[PDB]
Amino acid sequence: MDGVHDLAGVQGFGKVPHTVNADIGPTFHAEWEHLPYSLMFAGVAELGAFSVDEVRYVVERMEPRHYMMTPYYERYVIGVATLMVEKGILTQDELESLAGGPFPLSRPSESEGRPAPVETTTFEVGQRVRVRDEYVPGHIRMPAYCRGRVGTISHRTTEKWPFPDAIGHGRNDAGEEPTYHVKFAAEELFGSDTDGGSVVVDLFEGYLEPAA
């Protein structure tokens, strides 16, 4: 999903609000902040109502301006609440009654997702690969800066996981694929307009193809 969440490479932001080893305060800066992660895990592990990937996707589905003005942990409160409503566990009306006011949610999905790709290649370390030049309106774990770009395999995972584009929509056809550490030269991704050396993106097999 080509949403505002896909921030890598966006220009115009100011300084990172940190200097190295500065005091970052306690883990949680307010008494509610542990709830989004805790209730996500309840949803995943106790209720079996959704996957972690569905949580990433529901946050991507926040209305764009809403996303941009919302603190991190609050995005997850909104996301988990949305999933609970979508899965029929809660109603928005009971959340608003309990909250004593408006509790706007993420926007409905505009894609049913897609299955794990039928045709993929097992790549080896050292091999040149291109990120498939594909556009996916639903959940995808490929940041746009690497779409269609060429890099070299530095690692093939020894474990396999469900394809996010499927499990992020709660589909039954996510299968399992390894991922690959694909190293791109900074100039491959940003031309002359970068000060870095290389970027390594951890990409599902189904996002990749042999390079020309």
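A residue's number is simply how far along the shown sequence it sits, counting from 1.
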So 125 to 133 or 69 to 77, which one's hotter by mean CA B-factor in the entry?
125 to 133
Stretch with the greater mean C-alpha B-factor as recorded in the entry, comparing 141 to 149 against 42 to 50:
42 to 50
Out of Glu63, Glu31, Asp165, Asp173, which shows the largest CA B-factor listed in the entry?
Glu31
Here the Cα B-factor of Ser106, set against its chain, lands in the third termed lowest
Is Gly113 in the lowest, middle or highest third of its chain when residues are ranked by C-alpha B-factor?
lowest
Grab the CA temperature factor for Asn21 from the record and place it in the lowest, middle or highest third of its chain.
highest
Sorting the chain's CA B-factors, does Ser198 end up in the lowest, middle or highest third?
middle
Select lowest, middle or highest to describe the third in which the CA B-factor of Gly206 falls within its chain in this entry.
middle
